[PDB]
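The structure under discussion appears below in the form of structure tokens.
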Amino acid sequence: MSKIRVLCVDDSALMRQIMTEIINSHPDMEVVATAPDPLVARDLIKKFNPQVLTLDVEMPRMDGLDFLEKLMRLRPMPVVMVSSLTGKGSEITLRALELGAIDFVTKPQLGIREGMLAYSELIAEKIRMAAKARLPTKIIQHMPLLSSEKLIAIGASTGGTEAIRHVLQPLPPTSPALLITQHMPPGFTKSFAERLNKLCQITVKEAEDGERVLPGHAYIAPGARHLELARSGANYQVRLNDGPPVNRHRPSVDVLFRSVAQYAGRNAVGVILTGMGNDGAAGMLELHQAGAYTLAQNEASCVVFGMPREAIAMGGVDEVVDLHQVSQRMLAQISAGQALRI
Ligand code: NA
Ligand code: NA
């Protein structure tokens, strides 16, 4: 088929040429135009009709988030953000994801050759995804507080920051603990957790090694460690694992799902959400085999139907569900395994 038409917006002249070199070197994509700011990009989008836009967050003289707001409103298209591994970049990137950008990449040190080739392969991966991606609050009432043995595990990748936000926002304070692994670099996961916390009735935080796993709390995996459930005596604990990535994933959804299958078993509900790849598929099968009920986000609501698809294909998914029914289905399911207290 034809090459993917990419438009790159970046304030740095060197980056605009770097992106040109990277993207054009791949045979299934090409840079049809570059632009240093949102104004020049506007007319180039109309002239060259790109399929994918890469957008650097830090543009000095203007405001790129309002460009992204207007773009997603009047001409929505796949947008991949390019961010710096900084706190200011993390806040702007998450806000970009709220406005409708589907994914983002962090710039490594491109002065080192291996950082340039890793960035190159990552940029090509996001562009191929973005060309096919689908582009995208009542509090649930009368939820009883269940046993602290009850737990929900959630995994996500591309589109997962918005999917997770839609699932957590209506959760009442009596919701069981949630362990959440979202593919994300270190640092970003802290700002991610902090923004979700301000939007949620439950407490959302980045998971800390050794802390007890409490009802009404969601624990976000840190960007540089595997998040696992562990059992310290009688009580659930967070365990952060600095072991190696598994198929280039740390935190890994598979690792989380397996640890939950092991230490929670039938007292858990597993949820696999939008994202590319197969992370979570094999762990969800262990969860299923341990007696946990498992849900997978359906294709019509996924930005990328990759991770739920692979989980389904592995045979460990009980139920496919639209994103906007996930909150109710997972609460109802985990509640059904809870005997009366009264
Ligand atoms: Na090319
Ligand atoms: Na909160």
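Residue positions begin at 1 at the first shown residue.
Yeah, the Cβs are placed from backbone N, Cα and C, and that goes for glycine too.
Features as listed in Swiss-Prot:
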| type | residues | note |
| --- | --- | --- |
| ACT_SITE | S157 | active site |
| ACT_SITE | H183 | active site |
| ACT_SITE | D279 | active site |
| DOMAIN | 5-122 | domain 'Response regulatory' |
| DOMAIN | 145-337 | domain 'CheB-type methylesterase' |
| MOD_RES | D56 | 4-aspartylphosphate |
C-alpha separation across unresolved stretch of 8 residues from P136 through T137, Å: 17
Neighbourhood of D56 (4-aspartylphosphate), C-beta criterion under 8 angstroms, separation at least six: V9, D10, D11, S12, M15, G64, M81, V82, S83
Cα-to-Cα gap, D279 (active site) vs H183 (active site), nearest whole Å: 10
Cα-Cα distance linking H183 (active site) and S157 (active site), given in Å to the nearest integer: 5
Three-state secondary structure, the residue listed as '4-aspartylphosphate' (per DSSP): strand
Surrounding CB atoms that lie within 10 Å of the CB of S157 (active site), all protein chains: 27
